[PDB]
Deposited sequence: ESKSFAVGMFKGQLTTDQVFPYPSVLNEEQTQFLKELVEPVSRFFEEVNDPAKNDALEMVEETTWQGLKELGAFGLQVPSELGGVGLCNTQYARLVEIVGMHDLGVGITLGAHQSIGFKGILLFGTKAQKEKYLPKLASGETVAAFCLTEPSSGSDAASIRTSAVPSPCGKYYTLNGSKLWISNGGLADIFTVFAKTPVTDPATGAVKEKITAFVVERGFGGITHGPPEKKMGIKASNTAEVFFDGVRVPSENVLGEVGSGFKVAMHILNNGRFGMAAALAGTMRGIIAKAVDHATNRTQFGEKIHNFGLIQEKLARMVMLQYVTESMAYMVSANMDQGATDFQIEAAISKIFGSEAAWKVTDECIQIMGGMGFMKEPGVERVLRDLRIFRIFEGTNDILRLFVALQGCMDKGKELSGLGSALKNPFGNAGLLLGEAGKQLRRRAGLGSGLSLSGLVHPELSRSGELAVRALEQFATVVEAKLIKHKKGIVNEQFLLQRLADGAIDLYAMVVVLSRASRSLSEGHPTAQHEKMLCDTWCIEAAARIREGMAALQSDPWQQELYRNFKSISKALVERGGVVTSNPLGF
């Protein structure tokens, strides 16, 4: 039976192993080691890095780049014996939030390198491959890049065209194709490359085309890259086409099993996913400090503006968004450190929630600052620009919603083929009940929809996006119920404040789930909306844009 909360809640179960109590994973020594890293990393971003400069230059300033290499920043999760810092996921998250607070351009360059670029070697590498490649990865002597996307293939990884053909001797593969929008593409000397190869069935010998993952060195020859792409934000991060022209890849540079490269890609991306919400929790923390500072000190209509309800509500919503996001990020990383095998839905939720929360929080920080928020000098507009892509890469949020909904449905569909008392703190019992009723409402709809649509539920995308949103708010609720309950249990100095953040969040989340589930189940107009969305869009496509003229008709 799954220990995943998200897997259970689609089945109307309360599976709480990976949720309550809010996990603590670090031993005393890991805690002390992390403290002694947090200080120098924080000082480095404060004193050496200049985010506005990197953005202006469209690259990381060389002193900063070399300084990060010296700091160990290129190898945070590589074991010490292979020349890294040897951090676990939770320690990694703590340092990642520092980067996220200060410079997402730098963040993407370092995360492309290690969260995904050479991650597959950590996850699937043989001893030989790890010993060969990790030390120079960890020191940043060889930068890495994750090479999946192509001109034809973004969301649909299975459709990639880059190919790898085995030699007759079986000693190497010949690699041909191109990859698009590769972070560190123009900088990397090590590439994780996903290519279609012929795969022999063990029983019959029948040959089929499947993806295989490879570790590819720039020095193998036949590799070039395009010029850095110009883009809205994270402008300091290198983004480039990578070309593979008759590249000879040693057979021993297969990463994982021949033909299991799709699974390899998906595991790498799943594994790295929590890092995003971690970074963005930091982004939001920094941004909220700026918005609070503005509201504290700006007089308008005779008072400092923090005294006006519109501003108070904006600030309150921002911190709730930050708290939920940060709470998800550290829960998922703890689950991973504690040996969880089933956290993929929760990781997807955290990615969707965190990227959207950070976008909304930074958008409202601009609004609070007024005219000044739009100016370049305050640096907030630069962070908004950086943020836009986080909703699109590492799985578009639209595709991740489909994933959350369909993955959650899977086990309930297989089958078809409650109290938080004693877990939530007594001071949060009412919100705990809100969550349990929301779970019941959610599961009832899931069951009814699976019975109705069966396997054809996969094409019901209006419904699936709405189910995903229910799932997101349901996980958000129990994540903050857990964290605030532990705070209350421990008598932590912020516990009464966290209790308030939790109750405030839950009241509105429960309402979104109640009203959302009602729309799906009982609302006779819902099907008219769905029909009209399709007919309206069909009409736009026929026309190539807006169908109506303006009222004048020309």
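Of the deposited sequence, just the range 418-450 has no C-alpha coordinates according to the record.
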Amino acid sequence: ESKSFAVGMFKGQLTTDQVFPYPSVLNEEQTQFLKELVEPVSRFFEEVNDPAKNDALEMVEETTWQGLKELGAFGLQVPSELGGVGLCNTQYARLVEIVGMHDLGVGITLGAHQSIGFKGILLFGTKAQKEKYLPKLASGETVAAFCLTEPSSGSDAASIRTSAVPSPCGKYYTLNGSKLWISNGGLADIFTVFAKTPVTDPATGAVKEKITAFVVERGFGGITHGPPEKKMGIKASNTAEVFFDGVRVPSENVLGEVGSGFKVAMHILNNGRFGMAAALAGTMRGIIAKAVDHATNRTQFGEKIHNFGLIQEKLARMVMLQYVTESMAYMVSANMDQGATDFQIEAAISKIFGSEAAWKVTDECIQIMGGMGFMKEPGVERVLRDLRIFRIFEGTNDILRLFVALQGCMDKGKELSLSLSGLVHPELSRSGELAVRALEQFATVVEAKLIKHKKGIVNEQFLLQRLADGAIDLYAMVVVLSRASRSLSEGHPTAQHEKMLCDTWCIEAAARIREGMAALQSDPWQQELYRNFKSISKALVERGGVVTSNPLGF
From here on, numbers count along this sequence of modelled residues.
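Relative to one another, 467-475 and 77-85 have unequal mean CA B-factors, and 77-85 is the one with the higher figure. Averaged over Cα atoms, the B-factor as recorded in the entry is higher for 487-495 than for the other of 501-509 and 487-495. In the PDB entry, the Cα temperature factor peaks, among 387, 249, 122, 93, at 249. The residue among 356, 313, 411, 377 whose C-alpha carries the highest B-factor in the deposited model is 411.
When the modelled residues of the chain are ordered by their C-alpha B factor, residue 332 lands in the lowest third. Per the deposited record, the Cα B-factor of residue 50 falls in the lowest third when ranked against the other modelled residues of its chain. In the PDB entry, a CA B factor belonging to the lowest third of its chain's modelled residues is recorded for residue 537.
Ranked against the other modelled residues of its chain, the C-alpha B-factor of residue 548 as given in the entry falls in the lowest third.
The PDB entry assigns residue 298 a C-alpha temperature factor belonging to the lowest third of its chain's modelled residues.
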